[PDB]
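Only one chain is included here, represented as structure tokens and corresponding to the form deposited in one PDB entry.
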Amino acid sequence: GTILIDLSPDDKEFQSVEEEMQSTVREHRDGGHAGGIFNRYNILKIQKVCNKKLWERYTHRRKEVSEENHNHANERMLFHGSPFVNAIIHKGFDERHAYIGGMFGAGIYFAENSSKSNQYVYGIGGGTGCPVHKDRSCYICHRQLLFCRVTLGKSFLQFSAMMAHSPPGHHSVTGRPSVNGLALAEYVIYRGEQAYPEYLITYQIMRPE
């Protein structure tokens, strides 16, 4: 049911998505261990993900959440990194895309920092890095992130020192770093239908000069 529509680098939509990727890179406290060493990306392709059934699943849950939260879906655009991008874009988010051992519970994780999501592209903590070179900082191999539409509803605020159910009365969790004042938030959802993978971004990390 999924088709992928290539966006032109001249299209304003491509440019707004690239800008959100590039502008939300930060330094990581592991010195690049998980995601590699880089300050910016080479964006190779941005594709719009189109799937009527997955979209309608998303908008149906969005209306439910909105009705439970003073008519406010609290919808965001957020990054998601995973070796299972190919299955997500075809079949949607589900429990197999849950990070069972994450800090904010067994759910599906999203990030404001593209570079946080990049740490998960090859597995938890970057796994063993790219398939070809076993390099977590591979500058050659192509990586993929999703830039997703996510319904947060009433989000439980969990300050952090950096499938389950939402905390009662809530629709998501906000993991808000309280020590590193330049790290942006992460969010966790517990129903796959509260996210739609809008864009598939193909990229390489770039070796700093």
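Definition used throughout: the rigid core is the maximal C-alpha set that superposes within 1.5 Å between two forms. Residue numbers here begin at 1 and follow the sequence given.
- In 8 other deposited structures of this protein, superposed by the rigid core, the C-alpha atoms of 169 to 177 lie farther from the shown form than the other of 169 to 177 and 61 to 69.
- Structural divergence in 8 other deposited structures of this protein between 75 to 83 and 93 to 101: following superposition by the core, 93 to 101 has C-alpha atoms lying farther from the shown form.
- Of the other entries compared for this protein that flank it with modelled residues, a third or more give no atoms for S160.
- The segment from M162 to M163 is interrupted, since 1 to 3 residues of the deposited sequence in that interval carry no coordinates.
- The stretch with the higher mean CA B factor, choosing between 146 to 154 and 169 to 177, is 169 to 177.
- Higher mean CA temperature factor, per the PDB entry, when comparing 113 to 121 with 78 to 86: 78 to 86.
- The residue among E198, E186, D10, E18 whose C-alpha atom has the highest B-factor in the PDB entry is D10.
- The residue among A73, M103, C138, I108 whose C-alpha atom has the highest B-factor in the PDB entry is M103.
- Ranked against the other modelled residues of its chain, the C-alpha B-factor of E64 as given in the entry falls in the highest third.
- Ranked by C-alpha B-factor against the other modelled residues of its chain, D30 falls in the lowest third.
A second form of this protein, the form solved in complex with a small molecule, is not displayed here; the remarks below concern that form.
- In the bound PDB entry, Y139 stays away from the small molecule, with no heavy atom inside 4.5 Å.
- In the bound PDB entry, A73 stays away from the small molecule, with no heavy atom inside 4.5 Å.
- Taking the partner from elsewhere, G102 is found to have a heavy atom lying within 4.5 Å of the small molecule in the bound PDB entry.
- Taking the partner from elsewhere, every residue among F79, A111 and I124 has a non-hydrogen atom within 4.5 angstroms of the small molecule in the bound PDB entry.
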